Amino acid sequence: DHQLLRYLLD
Amino acid sequence: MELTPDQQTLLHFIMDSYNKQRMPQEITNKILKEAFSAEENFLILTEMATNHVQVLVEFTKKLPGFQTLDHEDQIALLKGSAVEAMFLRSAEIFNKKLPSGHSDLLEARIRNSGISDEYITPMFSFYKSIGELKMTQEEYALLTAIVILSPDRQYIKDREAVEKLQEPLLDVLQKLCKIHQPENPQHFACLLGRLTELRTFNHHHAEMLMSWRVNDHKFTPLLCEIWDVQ
Ligand SMILES: Cc1cc(Cl)ccc1OCc1nc2ccc(F)cc2n1[C@H](C(=O)NC1CCCCC1)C1CCCCC1
């Protein structure tokens, strides 16, 4: 759902 | 009452990360130079907010112990704090000293940006109250870190793990309030109390954006994940 946030975090 | 070598180390580390943000002068120079239409001003906000979120994620990742937290809680903290951090940063930029008359023009330019009157009044009420506190750059950086590492956020599985990370930042901030403002002993409680008013902008941020005097409310895919829009 929040894949851009998950990407920027990891 | 003085900071320990560890707390001074923590403070400078937070400061170096916080300063990687877009310079306030750069933002105010654009708004003061030319008067833009509600359509142009919406586009300015969307670009300004996209950069803010990107830099906020990088600042959040560097907060001590943030990477040791559960990945699901990491997203919950970022999503629950993004709007509040944006408003705290906007408040900091608004209260930065400008040459005579420029702050009056900045306020007028924001009033005529495209936002509904309904939302302009509580926004300036918050900016002026933050301004009357006369916070230092260090107080803004720590308060942002404290906002991000709030254990009271929605969908947080391990509240205690977030508390352990927030407590040393609250301790450093409390010490800085006593050093910077020894005349005002209410200063630390004043800052903390202003975080509840900060939280109110979360509930009405989507309504605030959609009420902008424009025909198309276009947002970036990153902004759609952070805001309750599109
Ligand atoms: C933060 C916010 C949320 C919503 Cl829903 C609506 C509106 C808004 O910001 C109002 C606001 N209060 C400001 C105070 C000082 C300032 F220099 C700019 C300010 N802005 C807007 C801005 O560029 N903000 C960014 C600041 C950096 C971090 C990302 C956001 C500009 C957009 C162009 C038209 C004049 C207002």
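For this entry, the PDB record names X-ray crystallography as the structure determination method and reports a resolution of 2.0000 Å.

Identification of chain B as Bile acid receptor from Homo sapiens is taken from the PDB entry. The PDB lists this entry under the title "Ligand binding to FARNESOID-X-RECEPTOR".

Draft legend 1. Summary view of the UniProt feature "domain: NR LBD" in chain B. Within the UniProt annotation, "domain: NR LBD" is assigned to residues 6–230 of chain B. Secondary structure content for residues 6–230 of chain B is 72% helix and 0% strand, and the end C-alpha separation is 44 Å.

Draft legend 2. Inspection of the pattern of salt bridges at higher detail. All names here are of chain B. A full pass over the atoms with the stated rule returns ten salt bridges over all chains. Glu-84 is paired through a salt bridge with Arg-153; the nearest N and O atoms lie 2.8 Å apart. A residue pair is termed long-range when its members are at least 10 positions apart, and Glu-84 in helix α4 (residues 71–94) and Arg-153 in the loop between α7 (137–148) and α8 (159–180) qualify at 69 residues. With relative accessibility at 5%, the residue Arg-153 sits in the buried group.

Draft legend 3. A look at the layout of surface pockets. Residue and element names in this part refer to chain B. Taken as a whole, the largest pocket encloses approximately 840 Å³ of empty space. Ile-31, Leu-45, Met-48, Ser-90 and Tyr-127 are, among the 36 residues lining the largest pocket, the residues nearest its centre. Contributions of two or more residues to the lining of the largest pocket are made by α2 (24–33), α3 (38–62), α4, α5 (102–111), α6 (117–133) and α9 (187–210). Among the elements that take part in the lining of the largest pocket, α3 stands out by supplying eight residues, more than any other.

Draft legend 4. Summary view of α6(B). All names here are of chain B. With 17 residues, α6 extends 25 Å from end C-alpha to end C-alpha; this agrees with the ideal 24 Å at 1.5 Å per step. Those residues of α6 that sit buried are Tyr-119, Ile-120, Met-123, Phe-124, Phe-126, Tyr-127, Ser-129, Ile-130, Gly-131 and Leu-133. Positioned one or two residues after α6, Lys-134 has a phi angle of 50 degrees, which is positive.

Calculation notes
- Residues numbered from 1 in each chain as written, not as in the entry; some residues may be left out.
- Chains lettered and ligands numbered in written order.
- Heavy atoms only, no water.
- Residues with missing side-chain atoms left out of burial classes, pairs and counts.
- UniProt positions renumbered as here; feature names shortened; annotations may be inferred.
- Helix = DSSP H or I, 4+ residues; strand = E, 2+ residues; numbered from the N terminus.
- Salt bridge = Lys/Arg side-chain N within 4 Å of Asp/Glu carboxyl O.
- Buried < 20%, exposed > 50% of the residue type's maximum accessible area, 1.4 Å probe, protein only.
- 1 Å grid on protein atoms, 1.4 Å probe; cavity = no way out; pocket = protein on both sides within 12 Å on 5 of 7 lines; lining within 4 Å.
- Points joined across faces, edges and corners; volume = space filled by probe spheres on them.
- Expected span 1.5 Å × (residues − 1).

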